[PDB]
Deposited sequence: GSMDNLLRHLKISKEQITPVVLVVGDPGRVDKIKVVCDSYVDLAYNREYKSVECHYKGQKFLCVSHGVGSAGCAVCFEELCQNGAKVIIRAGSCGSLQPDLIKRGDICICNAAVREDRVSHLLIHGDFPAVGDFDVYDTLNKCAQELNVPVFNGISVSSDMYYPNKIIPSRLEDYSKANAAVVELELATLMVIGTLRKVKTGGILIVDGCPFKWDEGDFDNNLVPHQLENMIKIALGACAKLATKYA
């Protein structure tokens, strides 16, 4: 009565799930919550039940593998999924190392989404997830950018997309969005800037706050 790559029960899977990269970043989030319960740890896939602002939701990692992670979650009960992680600025003059970006859509430069549907199909997140993230960030008077991510599975064309007004670049958000849209799962992403080809805690607060706010509607 368990799942393959996550090693947790379908019973344990919450409506809202928060997905991150490094499994250590999951350990850094559980502590910040009101309370938590560890569920499992499997090669690269850590899963913890997070209790925060009255609500209960999973936080789960998969490595710095994401496709199968998102697949598994969408199959087995996730209604909302949010990715929090890092990215690169594609607007160096405006968006600077340390800035936070909430993304509503992405450029499909990713192997996996193209295996599932023709590239013309938009990688786009849920509105109410995007709204919820913005309102938490403003409620905590934290300035945040909004824009489009280039989801690219290596990192060029990045110049093109940058001058097409893409904000940031990361690996997997386009994958989540499409899987989400295919599986009727609401998705979003929030990202903090690394390179450019304290703030982290605020982002996590936005992410956690948003998750709690969304979790309300399924409890």
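Please give the gaps, as residue ranges numbered from 1 in the deposited sequence, where no C-alpha is present.
Model skips 1 to 4, 69 to 71, 163 to 169, 212 to 225 of the deposited chain.
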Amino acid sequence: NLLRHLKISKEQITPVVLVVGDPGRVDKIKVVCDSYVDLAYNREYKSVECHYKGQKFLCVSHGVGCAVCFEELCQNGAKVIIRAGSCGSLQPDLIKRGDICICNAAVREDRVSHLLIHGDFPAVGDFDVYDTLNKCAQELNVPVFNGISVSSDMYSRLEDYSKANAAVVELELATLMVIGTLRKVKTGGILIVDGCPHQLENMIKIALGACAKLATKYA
From here on, numbers count along this sequence of modelled residues.
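According to the deposited model, is the average Cα temperature factor higher in 200 to 208 or in 6 to 14?
So the stretch with the higher mean C-alpha B-factor is 6 to 14.
Of 135 to 143 and 117 to 125, the stretch whose C-alpha atoms average the higher B-factor in the entry:
Stretch with the greater average CA B-factor: 135 to 143.
Out of 55, 42, 187, 35, residue topping the C-alpha B-factor column of the entry
Highest C-alpha B-factor among the listed residues goes to 42.
For residue 51, the third of its chain into which the C-alpha B factor falls:
Residue 51: CA B-factor falls in the middle third of its chain.
Compared with the other modelled residues in the chain, in which third is the CA B-factor of residue 65?
Within its chain, residue 65 is a middle-third residue by C-alpha B-factor, going by the deposited values.
When the deposited Cα B-factors of this chain's modelled residues are ordered and cut into thirds, is residue 105 in the lowest, the middle or the highest one?
It belongs to the lowest third of the chain when residues are ordered by C-alpha B-factor.
Position of residue 165 among the chain's modelled residues by C-alpha B-factor, lowest, middle or highest third
Tercile = middle for this residue's CA B-factor.
Where does the C-alpha B-factor of residue 97 rank in its chain, lowest, middle or highest third?
Ranked within chain, residue 97 CA B lands in the highest tercile.
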